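K.L.:
Chains as they are written, first to last, in the numbering used here: chain A, 1 to 232; chain U, 1001 to 1028; chain P, 2001 to 2255; chain G, 3001 to 3109; chain Y, 4001 to 4228; chain F, 5001 to 5119. After the structure tokens below, expect a handful of questions from me.
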Amino acid sequence: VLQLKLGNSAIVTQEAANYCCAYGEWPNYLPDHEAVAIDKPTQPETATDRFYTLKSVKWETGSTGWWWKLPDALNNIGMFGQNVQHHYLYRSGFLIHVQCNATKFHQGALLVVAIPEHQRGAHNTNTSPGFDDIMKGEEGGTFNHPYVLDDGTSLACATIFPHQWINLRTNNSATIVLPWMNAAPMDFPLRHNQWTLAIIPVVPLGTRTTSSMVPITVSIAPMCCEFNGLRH
Amino acid sequence: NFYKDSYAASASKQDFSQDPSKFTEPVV
Amino acid sequence: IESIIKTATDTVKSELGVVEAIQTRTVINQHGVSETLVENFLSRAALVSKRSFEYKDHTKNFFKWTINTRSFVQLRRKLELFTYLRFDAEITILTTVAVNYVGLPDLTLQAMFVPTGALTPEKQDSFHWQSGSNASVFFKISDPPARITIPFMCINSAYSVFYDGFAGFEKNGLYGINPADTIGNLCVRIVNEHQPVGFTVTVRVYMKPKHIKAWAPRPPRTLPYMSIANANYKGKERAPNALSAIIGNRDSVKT
Amino acid sequence: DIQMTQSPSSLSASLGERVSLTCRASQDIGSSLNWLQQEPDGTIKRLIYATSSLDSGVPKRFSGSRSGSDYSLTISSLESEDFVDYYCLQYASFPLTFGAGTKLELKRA
Amino acid sequence: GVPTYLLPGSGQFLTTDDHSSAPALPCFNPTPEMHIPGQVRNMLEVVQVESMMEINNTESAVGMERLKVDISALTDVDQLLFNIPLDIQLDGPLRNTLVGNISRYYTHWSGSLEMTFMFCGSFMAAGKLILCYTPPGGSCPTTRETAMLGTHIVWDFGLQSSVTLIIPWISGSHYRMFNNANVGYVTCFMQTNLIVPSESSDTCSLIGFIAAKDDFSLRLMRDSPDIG
Amino acid sequence: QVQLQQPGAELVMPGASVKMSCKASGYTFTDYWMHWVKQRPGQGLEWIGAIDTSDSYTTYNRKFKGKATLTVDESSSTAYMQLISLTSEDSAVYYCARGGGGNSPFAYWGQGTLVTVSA
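Here you go:
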């Protein structure tokens, strides 16, 4: 019921106590001692703080999952998509709200995990994936084998990353806050992907009828954005 | 360490500090 | 909460009806946690390079290996537990000479480190071995093995084990390769000239990282490694370590 | 995308003459490369895979080596059936690409 | 100068030794340290994080559905669902976890474990279960009337959606050594039938979790057999 | 023991669609990749695309993106290539290869089809 309003937009949200700060830290502006570039970073006030709602994916019983690499879905959207190609460097955090709306008669579970530095892989071939296979854009991608997380690791151990559980009993929504995770203070928008947002249906959907469709809405708020290398 | 560089010294195992809170309870 | 923990915490004794777990007692646990530290865990001397060049009669005869921890697979899954790593490399070169009774002469070897960005016109006798800018070490066969410390060389704060992105800005860099991180090449040759003897020299290079700082622990890799350049997986046909069954199979759930 | 540059595009040689075709890649592809033999009848057949190793059933006259910035296909002696269209292929990274191709000619009058 | 004599074992190369060595690049300034979230200063913090037990692995279990335990509405009363061996070295539900994968690099392991169960079924699903922990050398009961004499809890789906099960550490030795029997078991029966409405699916699911307590310790590092 | 079958001519007027067929036998078809390569009369070879035999996932070239569709059937153990909006631009000999875990190679090829479109 409680509505979260940041920027020129807002979304009604269900109350969830004790949300997830990734690795127990809140994203903040770049401190002076960790700065490198001597220029003045441009700081959007309400511009990059608005909620960017992606396309709602249809979640069926046989859906393996979905993954959105940041900031790949945000490469072109809104005014923030402009600053992607309009600036040479950036650093930002993300406030991710994933809300799955369904009645009390649906059963299932969703594992929403934010994977820092996710290196994908292809099944039964030694060829490295191409450029379009990695970077989807706003569309996103679907796991081919979510049990191995497509990287060869184990899904049972995926809980080491920041995550929240969406169960159709207790809470139908999740909120994850991702600070800046990088080796370098700033990075290149079109090249490197710091985080990855993965929604994995650990327990599939079920009901009496054979066909059931439960939508999932994903919202991303780029908090604490900075930009350098102004061009064009 | 008798050398002039600090990175060439012996490995320091004496740091026992921990913060389990950022993993098991990643909440505020 | 960040606090200093020397040993595992103790246990408070327990004590009709409630509205926690079981009945406990007071136990003072003196078991040390020092050996589980990331420093003690990641730091061990392992063999990252093994090569033996064929030397009998030359009347190629050296080796240079760009250092990457993916060559020794036990260390690869070891270092893939974490994302970013910060450590100082400690290299030790061991020289052993086999026989293909004459007796073993004492050769003089030169181990030279070439950092990334230094052009190498690679030859055994070419002048790039005598360059004063490149740090070199001279050691005989019978002696304590030569040991040097390589500092932390990077543009960023720490290495990237898992790099999501591409190389350079040409939009084609072979996915999974970080341009920022390359340490360099390690060039080793025999200082002495060609002696027509059939002895084979076997050089072993060990690396023990120190001052290790880790971030973002990751799940282990259950499936085998297809290639060293990327994360592709295949899996064994039968369990374990498969795509269908990673964990071994049993008779029944009630067994 | 990584481009494979195959040169020369054509050559003229007689029997018993050793020739070599050098392909250069923009990005380093590692040890992964393939050579394909295209017969004039429309059937393509592999020859070299992963540098050194050679197909079983293919005679040993075909060989290959890596200069380390480049890849070369060395043939000891030419034969009447050795005149084909050679293609150097990179299976290391998607998308996979082909070479420009090379057609062999015979010295005549 | 100073007269010195060599002790036995001088000049040897030991793999576990710790000493300062000559730096290869004198007067070199490394890149300054920047604060990176989630610094791990000890491996025990990784072990304390919960992870998925796979209870469904017997046969014909491929990937995802192995993480859940199927429960239908037609199952009868007082039927044994599953038993979970506590052996870390051998392959149980526990072979690959966050506590299991890290412990295979060691030998002597001492500490208390934890289990969380979560019911993923619908909101209107009723019924009760019983989770019976079996001490080591327990000789697991056939029916629940023998297992109800130990430490257990009757857990309702509707009231509470989760289970907290603490496994105490009971052993004679201060540590237990991995192999190259009967450490304990956790069993689940059917207290009553599963009651679901007519608009909800007949099946259900359960996801087991395991983590380590704050007293869990490890030592005597070794090589991981998991390679293959 | 192992071969590849891709016969046929398939001449068609422009603006229509075509669904090719590659039927592989003599090995395990579900466990190996499928590839497609075209042979143009102008002395050239282009890479059509790759498809995982398991379910769905494919990779396409930028030039042929959207003009080609790949699908496989694990029952009949066949590989299909769908093409739409055929213009006079496309005339070539389409091939289908296999690959695998090791080398992901082109080792086995098909006979090929002669595709000529005319207004």
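Where is the CB? At the ideal position from N, CA and C, for every residue including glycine.
With DSSP as the reference, label Y/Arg4066 as helix, strand or coil.
P.N.:
helix
K.L.:
For F/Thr5053, write down the residues that DSSP places opposite it in a beta bridge.
P.N.:
Per DSSP, none; premise fails for F/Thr5053.
K.L.:
According to DSSP, simplified to helix, strand and coil, what is A/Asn228?
P.N.:
strand
K.L.:
Measuring only the C-alpha atoms, how far is G/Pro3008 from F/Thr5069?
P.N.:
Cα to Cα, the separation comes out at about 35 Å.
K.L.:
Give the secondary structure of A/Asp151 by DSSP, where H, G and I count as helix, E and B as strand, and everything else as coil.
P.N.:
coil
K.L.:
Return no unless some Cβ of chain G is closer than 7 Å to the Cβ of F/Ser5104.
P.N.:
yes
K.L.:
Count the other CB atoms, across all protein chains shown, that sit within 10 Å of the CB of P/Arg2221; report buried if there are 16 or more and exposed otherwise.
P.N.:
buried
K.L.:
Check this for me: beta carbons of Y/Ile4153 and Y/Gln4191, under 7 Å apart or not?
P.N.:
no
K.L.:
Under 8 Å, CB to CB, which of the residues in the stretch 7-39 of chain A have a partner in chain U?
P.N.:
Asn18, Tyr19, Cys20, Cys21, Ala22, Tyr23, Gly24, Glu25, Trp26
K.L.:
Quick check: the Cα distance between P/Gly2117 and P/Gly2184, rounded to an integer number of angstroms?
P.N.:
Roughly 8 Å between the two C-alpha positions.
K.L.:
Can a CB atom of chain U be found closer than 7 Å to the CB of P/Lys2123?
P.N.:
no
K.L.:
Can you name the start and end residues of the alpha helix (DSSP H) that P/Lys2078 belongs to?
P.N.:
2073-2079
K.L.:
Would you check if the distance between the CB atom of F/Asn5103 and the CB atom of G/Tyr3071 is smaller than 7 Å?
P.N.:
If you check the CB distance, F/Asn5103 and G/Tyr3071 do not come in under 7 Å.
K.L.:
Any idea if P/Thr2095 is buried or exposed, counting beta-carbon neighbours within 10 angstroms, 16 or more meaning buried?
P.N.:
Flag for P/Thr2095 reads buried.
K.L.:
Compute the distance between the beta-carbons of P/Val2161 and P/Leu2079, then report whether it is under 7 Å.
P.N.:
yes
K.L.:
If we ignore side chains and look at the alpha-carbon of each, how far apart do Y/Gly4100 and Y/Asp4223 end up?
P.N.:
14 Å
K.L.:
Note the first and the last residue of the continuous beta strand (DSSP E) segment covering A/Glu34.
P.N.:
Note, A/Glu34: premise wrong, no beta strand (DSSP E); not H, not E.
K.L.:
Note down the Cα distance separating A/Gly137 from Y/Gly4063, rounded to an integer number of angstroms.
P.N.:
28 Å
K.L.:
In or out: A/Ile160 buried (at least 16 other Cβ within 10 Å) or exposed?
P.N.:
buried
K.L.:
Is the Cβ of U/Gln1018 closer than 7 Å to any Cβ of chain Y?
P.N.:
yes
K.L.:
If we count the other Cβ atoms within 10 Å of its Cβ and call it buried at 16 or more, is Y/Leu4165 buried or exposed?
P.N.:
buried
K.L.:
Looking at chain U, which residues of the stretch 147-174 of chain A have a Cβ within less than 7 Å of any of its Cβ atoms?
P.N.:
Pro162
K.L.:
Report the neighbours of Y/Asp4214 on chain P: residues whose CB is nearer than 7 Å to its CB, in chain order.
P.N.:
Going along chain P in sequence order, the residues near Y/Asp4214 (Cβ under 7 Å) are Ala2008, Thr2009.
K.L.:
So, under 8 Å CB-CB, G/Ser3012 and G/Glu3105 are touching, yes? Tell me the CB distance rounded to an integer number of Å.
P.N.:
4 Å
K.L.:
Is the shortest distance between the beta-carbon of A/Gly141 and the beta-carbons of chain G less than 7 Å?
P.N.:
no
K.L.:
Anything in chain A within Cβ reach of G/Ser3093, meaning under 9 Å, just list it in chain order.
P.N.:
Chain A residues near G/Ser3093: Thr127, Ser128, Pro129, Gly130.
K.L.:
For P/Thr2009, which of U/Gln1018, U/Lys1022, U/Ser1012 has the nearest alpha-carbon?
P.N.:
U/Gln1018
K.L.:
Using 7 Å as the limit for Cβ to Cβ distance, is P/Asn2178 near chain Y?
P.N.:
Taking Cβ atoms only, chain Y never reaches closer than 7 Å to P/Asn2178, which makes this a no.
K.L.:
Mind reading off the beta-carbon distance from Y/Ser4110 to Y/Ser4217? Whole number of angstroms is fine, and I expect it under 8 Å.
P.N.:
5 Å
K.L.:
Using DSSP bridges, identify the partner residues of residue 282 of chain A.
P.N.:
Only positions 1 to 232 of chain A appear in the structure, and residue 282 of chain A is not among them; the question remains open.
K.L.:
Whose CA, out of F/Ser5091, F/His5035, F/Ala5009, F/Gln5003, lies closest to the CA of G/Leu3096?
P.N.:
F/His5035
K.L.:
Closer than 9 Å by beta-carbon distance: list the chain G residues that pair up with F/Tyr5095, in chain order.
P.N.:
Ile3044
K.L.:
Output, in sequence order along the chain, the residues in the stretch 3022-3042 of chain G whose CB is closer than 9 Å to any CB in chain A.
P.N.:
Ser3032
K.L.:
Does the beta carbon of U/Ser1006 come closer than 7 Å to any beta carbon on chain P?
P.N.:
no
K.L.:
If you draw a straight line from the C-alpha of P/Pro2217 to the C-alpha of Y/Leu4044, how long is it?
P.N.:
Near 12 Å, if we compare the C-alpha coordinates of Y/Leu4044 and P/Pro2217.
K.L.:
What does the Cβ neighbour count give for Y/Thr4142, buried or exposed, with the cut at 16 atoms within 10 Å?
P.N.:
exposed
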